[PDB]
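These notes are about the structure you will find just below.
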Amino acid sequence: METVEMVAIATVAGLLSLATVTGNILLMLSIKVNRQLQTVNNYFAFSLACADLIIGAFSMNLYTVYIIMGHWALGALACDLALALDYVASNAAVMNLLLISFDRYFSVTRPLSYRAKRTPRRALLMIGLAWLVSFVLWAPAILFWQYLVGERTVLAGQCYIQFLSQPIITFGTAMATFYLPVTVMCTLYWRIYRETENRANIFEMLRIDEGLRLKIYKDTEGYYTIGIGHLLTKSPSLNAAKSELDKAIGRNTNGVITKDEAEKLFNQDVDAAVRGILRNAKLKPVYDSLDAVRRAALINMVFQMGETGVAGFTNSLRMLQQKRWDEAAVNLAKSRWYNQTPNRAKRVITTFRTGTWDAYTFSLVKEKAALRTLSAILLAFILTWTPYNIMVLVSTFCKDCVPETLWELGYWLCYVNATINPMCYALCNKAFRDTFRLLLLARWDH
Ligand SMILES: Cc1cc(F)c2[nH]c(=O)n(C3CCN(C4CCOCC4)CC3)c2c1
Ligand SMILES: CCCCCCCC/C=C/CCCCCCCC(=O)O
Ligand SMILES: CCCCCCCC/C=C\CCCCCCCC(=O)O
Ligand SMILES: CCCCCCCC/C=C\CCCCCCCC(=O)O
Ligand SMILES: CCCCCCCC/C=C\CCCCCCCC(=O)O
Ligand SMILES: CCCCCCCC/C=C\CCCCCCCC(=O)O
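FYI, the numbering for the sequence shown is 20 to 219, 1002 to 1161, 354 to 439, going by the authors' numbering.
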């Protein structure tokens, strides 16, 4: 190729590599230097940054030299090893995105059961298996295909994957590395968004009715409580309540906690309440029949009265499962509950009557940094890997239709995912953005 083309491509690919190596190092150092970033989900982000660092420093630079030189000069053994390192790191990134998606899925859908298992030790176990599965699946086929076929069909001065020669096998790998992971992650995201907004509404409902307290207080029984009726301990000690609070959050709070930390505790209490409802033979048929809004009004009653208290409304529960909401509203209002808390009872009864949030006046979806990051890193994956996967799709129906140049650009677009991944964290998380700025200004300072 021309000397002018060699300089132009080397500069663009070089600057892209520099942006990839810098961004993923900044992401890794951020989790290392900042304690507030040292969360179980950020262990997977560190693992993803490791895969993206190989892509930036090794894959990108070595693939660009291969295109510029127009041939492979390092030999057949260096070639297959280079391709093995490349494919395993690229798949490890996809596996890490699946780990981020599943962790976010189980922590939102199951805040009680899953957070018993959500320790850093289990995150490290899942990270290692993800990297090991990527290796066991792609490296043996990359290196030993030539021995199983009986010949190395890749010429000297050429470096490419031998088993990806036929377009149907390329499509097979595309299904396993793109089409199936994307489908799985999208289905997981629709469930995470629906669950998050559903739980938020229960949180905002009880914030109006029961009340939210950021500091440790004593309940009616005299036990230390926090947030929306979250029991810390039954022990008559302030320090014991503080120790149990620091255990539940993971930091030295010393009495005071944030709204988001109180929401985390409340969602464990919602899971504990729903566990009791399904285990109660008198509350299970009505709960299964009610919609998301009317289920929350039943949970509201469980948080105030208790399991057996709501079960006392034999007449009312029967009319709610029969979808006769005007009838059940009359029986619910004619009780000791309505007389004790008239303002709260009317709001809950109206919720059962209408099946809407008109009694409370609710705000739109508060898209938390974690939800925004997941959506950004998933869209980043779809955007950068779509060109190559469309080329694979047209390759199956069109033999040798895709030119050498297009494959080279489609390969380079897949690597751009590694460049834009730390940008997604910076754009969605304020704690990452500030640490990125902090580390960059600290590096410029000698
Ligand atoms: C480092 C290196 C050196 C070379 F000489 C290469 N030759 C060659 O064809 N590649 C490909 C580059 C793209 N990569 C993708 C495939 C889709 O999944 C994400 C990774 C597969 C190997 C080479 C890579
Ligand atoms: C086991 C891990 C795999 C890594 C080992 C593969 C060998 C890679 C060697 C890289 C040396 C860099 C030389 C740069 C010139 C490239 C010239 C070319 O081949 O076109
Ligand atoms: C050729 C080089 C390949 C190296 C890949 C190694 C596999 C990556 C392993 C995972 C890194 C561990 C992630 C957890 C770090 C915790 C960060 C912290 O909070 O201190
Ligand atoms: C775990 C780290 C291992 C990485 C070591 C990399 C060493 C690669 C060395 C060069 C291999 C060249 C061997 C000659 C192959 C034949 C060349 C040809 O087909 O023209
Ligand atoms: C021959 C190709 C060479 C490529 C080497 C890089 C590929 C990574 C391979 C698998 C190692 C598995 C990583 C396990 C480390 C555990 C890290 C942790 O979770 O703390
Ligand atoms: C950031 C954007 C910059 C993009 C840089 C990459 C530019 C590469 C573009 C393609 C030029 C095409 C090269 C000519 C190949 C001819 C092969 C043929 O005739 O089939």
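Where a beta carbon is used, it is the ideal one built from N, C-alpha and C, also for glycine.
Are the CB atoms of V107 and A158 nearer to each other than 8 Å?
Against a cut-off of 8 Å, the Cβ pair of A158 and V107 comes out as a contact.
Quick one: does the C-beta of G94 sit closer than 7 Å to a heavy atom of ligand 4?
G94: yes, Cβ under 7 Å from ligand 4.
For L1118 and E1108, what's the separation of their Cα atoms in angstroms?
Taking the straight line from one Cα to the other gives about 13 Å.
Using a Cβ-based criterion (distance less than 7 Å to any ligand heavy atom), does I44 qualify as near ligand 5?
The answer is no for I44.
Tell me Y1025's beta-bridge partners as DSSP assigns them.
According to DSSP, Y1025 bridges with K1019, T1034.
Would you check if the region 30-38 and the region 64-72 touch, i.e. whether three or more CB-CB distances between them fall below 8 Å?
Result no; under three Cβ-Cβ pairs closer than 8 Å.
Under the assumption that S388 contacts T189 (Cβ atoms under 8 Å), give the Cβ distance between them as a whole number of angstroms.
So it is a contact: roughly 6 Å between Cβ atoms.
For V395, which three-state DSSP category applies?
Coil at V395, not helix or strand.
Return the first residue and the last residue of the alpha helix (DSSP H) that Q1105 is part of.
Element bounds for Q1105: 1093-1105.
Relative to the C-alpha of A363, which residue among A27, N80, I119, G75 is closest?
Ranking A27, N80, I119, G75 by Cα distance to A363 puts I119 first.
Out of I413, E401, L420, which one is the CA nearest neighbour of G89?
The option with the nearest alpha carbon to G89 is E401.
Where do the ends of the alpha helix (DSSP H) carrying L37 lie?
Where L37 is concerned, the enclosing alpha helix (DSSP H) stretches over 22-52.
Would you check if there are 3 or more beta carbon pairs closer than 8 Å linking the region 420-437 to the region 45-63?
Contact between the region 420-437 and the region 45-63 is present, because at least three Cβ pairs lie under 8 Å.
Can you give me the C-alpha to C-alpha distance between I370 and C417, rounded to a whole angstrom?
Approximately 6 Å, taken between the alpha carbons.
Just how far apart, CA to CA, sit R141 and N1144?
Distance between the alpha carbons of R141 and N1144: 46 Å.
Note down, in chain order, each residue of its chain lying with its Cβ closer than 8 Å to the Cβ of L143, except the 5 sequence neighbours on either side.
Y62, listed in sequence order.
Hey, would you say the C-beta of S1038 is under 7 Å away from at least one heavy atom of ligand 3?
Flag unset: Cβ of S1038 not near ligand 3.
What are the start and end residues of the alpha helix (DSSP H) that includes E1005?
First-last of the alpha helix (DSSP H) with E1005: 1003-1010.
Can you tell me which of the three DSSP states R137 falls into?
It is coil, neither helix nor strand.
Where does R129 sit, in a helix, a strand or coil, going by DSSP?
If DSSP states are grouped into helix, strand and coil, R129 belongs with coil.
Please say whether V1094 and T1152 have beta carbons closer to each other than 8 Å?
Cβ distance < 8 Å, so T1152 and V1094 count as in contact.
Just the C-alpha distance for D1070 and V1131, rounded to the nearest angstrom, thanks.
The straight-line gap from Cα to Cα measures roughly 29 Å.
Just to confirm, is the Cβ distance from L117 to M204 under 8 Å?
Contact flag set, yes.
Less than 7 Å between the CB of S78 and some heavy atom of ligand 1, yes or no?
Correct: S78 has its Cβ closer than 7 Å to ligand 1.
Taking 7 Å as the cut-off, does the CB of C421 come closer than this to any heavy atom belonging to ligand 1?
Not so, every heavy atom of ligand 1 lies at least 7 Å from the Cβ.
Between the C-alpha atoms of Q181 and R171, what's the straight-line distance to the nearest angstrom?
Distance between the alpha carbons of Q181 and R171 is about 8 Å.
If contacts are defined as beta-carbon pairs under 8 Å, then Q1122 and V1087 qualify, I think. What distance do you get, rounded to the angstrom?
Their Cβ separation, rounded to whole angstroms, is 4 Å, which keeps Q1122 and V1087 in contact under 8 Å.
How do the region 72-80 and the region 97-106 stand: do at least 3 beta-carbon pairs fall below 8 Å, yes or no?
Contact between the region 72-80 and the region 97-106 is present, because at least three Cβ pairs lie under 8 Å.
Assign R1148 to one of three DSSP states: helix, strand, or coil.
Here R1148 sits in helix by DSSP.
My guess is that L1007 and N1101 are in contact by the Cβ rule of under 8 Å, so how many angstroms apart are they, rounded?
Confirmed, Cβ separation roughly 6 Å.
Quick check on DSSP: helix, strand or coil for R1014?
Strand.
Can you tell which of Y1161, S356, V409 has the C-alpha that lies nearest to the C-alpha of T379?
Of the candidates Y1161, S356, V409, the one whose C-alpha sits nearest the C-alpha of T379 is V409.
Going along the chain, which residues of its own chain have a beta-carbon closer than 7 Å to the beta-carbon of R218, five neighbours each way excluded?
Only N1068, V1071 meet the Cβ criterion.
Would you mind sorting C421 into buried or exposed? The rule is 16 or more other CB atoms within 10 Å of its CB.
It is buried - the Cβ of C421 has at least 16 other Cβ atoms within 10 Å.
Collect the residues with a C-beta less than 5 Å away from any heavy atom of ligand 1 and give them in sequence order along the chain.
So the residues near ligand 1 by this Cβ test are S78, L81, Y82, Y85, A101, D105, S109, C178, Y179, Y404, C407.
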